[PDB]
Amino acid sequence: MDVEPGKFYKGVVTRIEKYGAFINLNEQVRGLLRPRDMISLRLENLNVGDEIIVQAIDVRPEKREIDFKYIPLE
């Protein structure tokens with residue numbers, strides 16, 4: 001699966017950082033979910049293995065990483 005900037009995807013939380021949560025979308029696709037981009041869910045309540053529905057903000061090939069945004073449209 002490939003990821004486009006602005007499309008809707010579900011991902012799984014790998015680890016909780018003090019500045020966000022790293023989430024995998026696909027075998028070679030991982031990104032970062034930041035707290036100010038979160039609506040109903042806070043980093044403080046997220047656990048390793050939780051499936052979170054997010055929208056892709058920026059997909060940067062040069063960086064191989066993606067920004068995630070939390071939406072009430074789950």
# chains A, B, ... in the order shown; residues from 1 in each chain; ligands from 1
>>> residues_around(residues="residue 69 in chain A", least_positions_apart="2", cutoff="8 Å", atoms="only C-alpha atoms", output="PyMOL selection string")
chain A and resi 33-34+37-38+54-57+67+71
>>> select_by_dssp(residues="range 6-57 of chain A", states="strand (DSSP E or B)", output="VMD selection string")
chain A and resid 8 to 17 20 to 26 29 to 33 51 to 57
>>> residues_around(residues="residue 4 in chain A", least_positions_apart="5", cutoff="12 Å", atoms="only C-alpha atoms", output="number ranges by chain")
A: 9, 25, 29, 55-61, 65-68
>>> write_last_selection(atoms="N, CA and C atoms", output="PDB file, in the first residue's frame")
ATOM      1  N   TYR A   9      -6.433   6.957   6.247  1.00  0.00           N
ATOM      2  CA  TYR A   9      -5.862   5.626   6.525  1.00  0.00           C
ATOM      3  C   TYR A   9      -5.941   5.257   8.021  1.00  0.00           C
ATOM      4  N   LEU A  25       1.623   2.384   8.865  1.00  0.00           N
ATOM      5  CA  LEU A  25       0.487   2.204   7.945  1.00  0.00           C
ATOM      6  C   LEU A  25       0.685   0.959   7.070  1.00  0.00           C
ATOM      7  N   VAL A  29       6.034   1.699   5.464  1.00  0.00           N
ATOM      8  CA  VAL A  29       5.445   3.036   5.652  1.00  0.00           C
ATOM      9  C   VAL A  29       5.145   3.336   7.133  1.00  0.00           C
ATOM     10  N   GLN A  55      -5.728  10.904   9.167  1.00  0.00           N
ATOM     11  CA  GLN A  55      -5.568  11.402   7.801  1.00  0.00           C
ATOM     12  C   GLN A  55      -4.123  11.865   7.570  1.00  0.00           C
ATOM     13  N   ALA A  56      -3.555  11.499   6.426  1.00  0.00           N
ATOM     14  CA  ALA A  56      -2.173  11.868   6.106  1.00  0.00           C
ATOM     15  C   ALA A  56      -2.044  13.366   5.783  1.00  0.00           C
ATOM     16  N   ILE A  57      -1.155  14.059   6.494  1.00  0.00           N
ATOM     17  CA  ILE A  57      -0.909  15.487   6.249  1.00  0.00           C
ATOM     18  C   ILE A  57       0.121  15.681   5.122  1.00  0.00           C
ATOM     19  N   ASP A  58       1.373  15.304   5.390  1.00  0.00           N
ATOM     20  CA  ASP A  58       2.450  15.409   4.399  1.00  0.00           C
ATOM     21  C   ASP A  58       3.185  14.073   4.229  1.00  0.00           C
ATOM     22  N   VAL A  59       3.308  13.622   2.983  1.00  0.00           N
ATOM     23  CA  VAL A  59       4.097  12.432   2.654  1.00  0.00           C
ATOM     24  C   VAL A  59       5.405  12.850   1.968  1.00  0.00           C
ATOM     25  N   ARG A  60       6.512  12.775   2.699  1.00  0.00           N
ATOM     26  CA  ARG A  60       7.803  13.260   2.199  1.00  0.00           C
ATOM     27  C   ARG A  60       8.724  12.096   1.798  1.00  0.00           C
ATOM     28  N   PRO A  61       8.864  11.819   0.482  1.00  0.00           N
ATOM     29  CA  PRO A  61       9.702  10.707  -0.015  1.00  0.00           C
ATOM     30  C   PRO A  61      11.168  10.835   0.428  1.00  0.00           C
ATOM     31  N   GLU A  65       9.092   9.515   5.965  1.00  0.00           N
ATOM     32  CA  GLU A  65       8.150   9.595   7.093  1.00  0.00           C
ATOM     33  C   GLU A  65       6.954  10.504   6.761  1.00  0.00           C
ATOM     34  N   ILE A  66       5.863  10.336   7.508  1.00  0.00           N
ATOM     35  CA  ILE A  66       4.605  11.048   7.240  1.00  0.00           C
ATOM     36  C   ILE A  66       4.011  11.668   8.521  1.00  0.00           C
ATOM     37  N   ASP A  67       3.432  12.864   8.397  1.00  0.00           N
ATOM     38  CA  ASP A  67       2.670  13.472   9.498  1.00  0.00           C
ATOM     39  C   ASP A  67       1.221  12.966   9.504  1.00  0.00           C
ATOM     40  N   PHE A  68       0.731  12.582  10.679  1.00  0.00           N
ATOM     41  CA  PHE A  68      -0.648  12.103  10.823  1.00  0.00           C
ATOM     42  C   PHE A  68      -1.520  13.119  11.569  1.00  0.00           C
TER      43      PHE A  68
END
>>> residues_around(residues="residue 52 in chain A", least_positions_apart="4", cutoff="10 Å", atoms="only C-alpha atoms", output="list in words")
residues 9, 10, 11, 12, 13, 23, 33, 41, 46, 70, 71 and 74 of chain A
>>> select_by_dssp(residues="chain A", states="helix (DSSP H, G or I)", output="VMD selection string")
chain A and resid 35 to 37 43 to 45
>>> write_last_selection(atoms="N, CA, C and O atoms", output="PDB file, in the first residue's frame")
ATOM      1  N   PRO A  35       0.482  15.587  19.161  1.00  0.00           N
ATOM      2  CA  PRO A  35      -0.650  15.796  20.095  1.00  0.00           C
ATOM      3  C   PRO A  35      -1.593  16.956  19.724  1.00  0.00           C
ATOM      4  O   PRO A  35      -2.799  16.875  19.958  1.00  0.00           O
ATOM      5  N   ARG A  36      -1.055  18.036  19.160  1.00  0.00           N
ATOM      6  CA  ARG A  36      -1.888  19.190  18.785  1.00  0.00           C
ATOM      7  C   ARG A  36      -2.723  18.894  17.532  1.00  0.00           C
ATOM      8  O   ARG A  36      -3.678  19.607  17.220  1.00  0.00           O
ATOM      9  N   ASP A  37      -2.357  17.831  16.827  1.00  0.00           N
ATOM     10  CA  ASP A  37      -3.096  17.371  15.650  1.00  0.00           C
ATOM     11  C   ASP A  37      -4.164  16.337  16.057  1.00  0.00           C
ATOM     12  O   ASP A  37      -4.891  15.802  15.217  1.00  0.00           O
ATOM     13  N   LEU A  43      -2.030  11.649  23.510  1.00  0.00           N
ATOM     14  CA  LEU A  43      -0.866  10.740  23.607  1.00  0.00           C
ATOM     15  C   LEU A  43      -0.862   9.999  24.950  1.00  0.00           C
ATOM     16  O   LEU A  43      -0.514   8.821  25.037  1.00  0.00           O
ATOM     17  N   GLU A  44      -1.283  10.719  25.983  1.00  0.00           N
ATOM     18  CA  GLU A  44      -1.281  10.230  27.364  1.00  0.00           C
ATOM     19  C   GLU A  44      -2.169   8.984  27.539  1.00  0.00           C
ATOM     20  O   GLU A  44      -2.030   8.236  28.507  1.00  0.00           O
ATOM     21  N   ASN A  45      -3.082   8.778  26.591  1.00  0.00           N
ATOM     22  CA  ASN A  45      -4.068   7.693  26.670  1.00  0.00           C
ATOM     23  C   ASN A  45      -3.832   6.625  25.588  1.00  0.00           C
ATOM     24  O   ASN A  45      -4.540   5.619  25.531  1.00  0.00           O
TER      25      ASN A  45
END
>>> atom_distance(atom1="CA of residue 5 in chain A", atom2="CA of residue 64 in chain A")
12.6 Å
>>> residues_around(residues="residue 16 in chain A", least_positions_apart="2", cutoff="8 Å", atoms="only C-alpha atoms", output="list in words")
residues 13, 14, 18, 20, 21, 22, 43, 46, 47 and 48 of chain A
>>> atom_distance(atom1="CA of residue 39 in chain A", atom2="CA of residue 73 in chain A")
10.5 Å
>>> atom_distance(atom1="CA of residue 72 in chain A", atom2="CA of residue 40 in chain A")
7.3 Å
>>> decode(residues="range 13-63 of chain A", atoms="N, CA and C atoms", output="short mmCIF file (atom, residue, chain, number, x, y, z; two decimals), in the first residue's frame")
data_model
loop_
_atom_site.label_atom_id
_atom_site.label_comp_id
_atom_site.auth_asym_id
_atom_site.auth_seq_id
_atom_site.Cartn_x
_atom_site.Cartn_y
_atom_site.Cartn_z
N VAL A 13 -0.16 2.03 16.53
CA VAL A 13 0.87 2.69 17.33
C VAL A 13 2.02 1.74 17.71
N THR A 14 3.25 2.14 17.38
CA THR A 14 4.44 1.33 17.68
C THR A 14 5.04 1.67 19.06
N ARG A 15 5.24 2.97 19.31
CA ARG A 15 5.74 3.43 20.62
C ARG A 15 5.28 4.86 20.91
N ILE A 16 5.13 5.19 22.19
CA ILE A 16 4.67 6.52 22.61
C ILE A 16 5.86 7.43 22.97
N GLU A 17 6.08 8.46 22.17
CA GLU A 17 7.14 9.44 22.43
C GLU A 17 6.59 10.65 23.21
N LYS A 18 7.47 11.42 23.83
CA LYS A 18 7.07 12.60 24.60
C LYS A 18 6.76 13.80 23.68
N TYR A 19 6.78 13.56 22.37
CA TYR A 19 6.48 14.59 21.37
C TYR A 19 5.54 14.04 20.28
N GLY A 20 4.96 12.86 20.52
CA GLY A 20 4.08 12.23 19.54
C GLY A 20 4.12 10.71 19.59
N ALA A 21 3.40 10.06 18.68
CA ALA A 21 3.40 8.59 18.60
C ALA A 21 3.73 8.11 17.18
N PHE A 22 4.73 7.24 17.06
CA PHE A 22 5.10 6.68 15.75
C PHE A 22 4.13 5.56 15.34
N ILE A 23 3.51 5.71 14.18
CA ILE A 23 2.48 4.77 13.71
C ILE A 23 2.85 4.15 12.35
N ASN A 24 2.64 2.83 12.23
CA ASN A 24 2.86 2.13 10.95
C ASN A 24 1.56 2.03 10.15
N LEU A 25 1.62 2.38 8.87
CA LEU A 25 0.49 2.20 7.94
C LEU A 25 0.69 0.96 7.07
N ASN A 26 1.94 0.71 6.70
CA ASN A 26 2.28 -0.39 5.79
C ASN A 26 3.69 -0.93 6.10
N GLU A 27 4.02 -2.09 5.52
CA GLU A 27 5.31 -2.76 5.71
C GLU A 27 6.52 -1.80 5.72
N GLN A 28 6.60 -0.90 4.74
CA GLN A 28 7.70 0.08 4.67
C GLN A 28 7.22 1.53 4.88
N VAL A 29 6.03 1.70 5.46
CA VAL A 29 5.44 3.04 5.65
C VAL A 29 5.15 3.34 7.13
N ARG A 30 5.89 4.28 7.71
CA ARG A 30 5.69 4.72 9.09
C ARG A 30 5.74 6.25 9.20
N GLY A 31 5.02 6.81 10.17
CA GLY A 31 5.03 8.26 10.38
C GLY A 31 4.86 8.66 11.84
N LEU A 32 4.69 9.96 12.09
CA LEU A 32 4.56 10.49 13.45
C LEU A 32 3.21 11.20 13.66
N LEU A 33 2.54 10.86 14.75
CA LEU A 33 1.27 11.50 15.13
C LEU A 33 1.50 12.47 16.31
N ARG A 34 1.31 13.77 16.07
CA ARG A 34 1.58 14.80 17.08
C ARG A 34 0.32 15.20 17.87
N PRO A 35 0.48 15.59 19.16
CA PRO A 35 -0.65 15.80 20.09
C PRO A 35 -1.59 16.96 19.72
N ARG A 36 -1.05 18.04 19.16
CA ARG A 36 -1.89 19.19 18.78
C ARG A 36 -2.72 18.89 17.53
N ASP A 37 -2.36 17.83 16.83
CA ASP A 37 -3.10 17.37 15.65
C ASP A 37 -4.16 16.34 16.06
N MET A 38 -4.25 16.08 17.36
CA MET A 38 -5.19 15.10 17.92
C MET A 38 -6.45 15.80 18.48
N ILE A 39 -7.61 15.20 18.24
CA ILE A 39 -8.89 15.76 18.72
C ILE A 39 -9.37 15.06 20.01
N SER A 40 -9.98 13.88 19.86
CA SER A 40 -10.57 13.16 21.00
C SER A 40 -9.53 12.34 21.79
N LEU A 41 -8.48 11.88 21.11
CA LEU A 41 -7.45 11.03 21.75
C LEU A 41 -6.17 11.83 22.08
N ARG A 42 -5.67 11.66 23.30
CA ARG A 42 -4.40 12.28 23.72
C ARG A 42 -3.28 11.23 23.78
N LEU A 43 -2.03 11.65 23.51
CA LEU A 43 -0.87 10.74 23.61
C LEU A 43 -0.86 10.00 24.95
N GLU A 44 -1.28 10.72 25.98
CA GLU A 44 -1.28 10.23 27.36
C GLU A 44 -2.17 8.98 27.54
N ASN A 45 -3.08 8.78 26.59
CA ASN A 45 -4.07 7.69 26.67
C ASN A 45 -3.83 6.62 25.59
N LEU A 46 -2.84 6.85 24.73
CA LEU A 46 -2.54 5.92 23.63
C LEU A 46 -1.57 4.82 24.10
N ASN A 47 -1.75 3.60 23.59
CA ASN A 47 -0.90 2.47 23.96
C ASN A 47 -0.31 1.79 22.71
N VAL A 48 0.78 1.07 22.90
CA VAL A 48 1.39 0.30 21.82
C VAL A 48 0.44 -0.81 21.34
N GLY A 49 0.05 -0.76 20.06
CA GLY A 49 -0.84 -1.77 19.51
C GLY A 49 -2.25 -1.26 19.20
N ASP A 50 -2.57 -0.03 19.61
CA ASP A 50 -3.88 0.57 19.33
C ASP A 50 -4.02 0.98 17.85
N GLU A 51 -5.13 0.58 17.23
CA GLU A 51 -5.46 1.00 15.86
C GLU A 51 -6.14 2.38 15.87
N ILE A 52 -5.44 3.39 15.37
CA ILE A 52 -5.99 4.75 15.30
C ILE A 52 -6.26 5.18 13.85
N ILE A 53 -7.46 5.70 13.60
CA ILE A 53 -7.83 6.21 12.27
C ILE A 53 -7.37 7.67 12.10
N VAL A 54 -6.49 7.90 11.14
CA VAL A 54 -5.91 9.24 10.92
C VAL A 54 -5.88 9.61 9.43
N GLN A 55 -5.73 10.90 9.17
CA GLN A 55 -5.57 11.40 7.80
C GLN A 55 -4.12 11.87 7.57
N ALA A 56 -3.55 11.50 6.43
CA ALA A 56 -2.17 11.87 6.11
C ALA A 56 -2.04 13.37 5.78
N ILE A 57 -1.16 14.06 6.49
CA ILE A 57 -0.91 15.49 6.25
C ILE A 57 0.12 15.68 5.12
N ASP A 58 1.37 15.30 5.39
CA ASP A 58 2.45 15.41 4.40
C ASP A 58 3.19 14.07 4.23
N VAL A 59 3.31 13.62 2.98
CA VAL A 59 4.10 12.43 2.65
C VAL A 59 5.40 12.85 1.97
N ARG A 60 6.51 12.77 2.70
CA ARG A 60 7.80 13.26 2.20
C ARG A 60 8.72 12.10 1.80
N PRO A 61 8.86 11.82 0.48
CA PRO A 61 9.70 10.71 -0.02
C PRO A 61 11.17 10.83 0.43
N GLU A 62 11.69 12.06 0.39
CA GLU A 62 13.06 12.34 0.83
C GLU A 62 13.27 12.00 2.32
N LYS A 63 12.19 12.04 3.09
CA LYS A 63 12.25 11.76 4.54
C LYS A 63 11.70 10.36 4.88
#
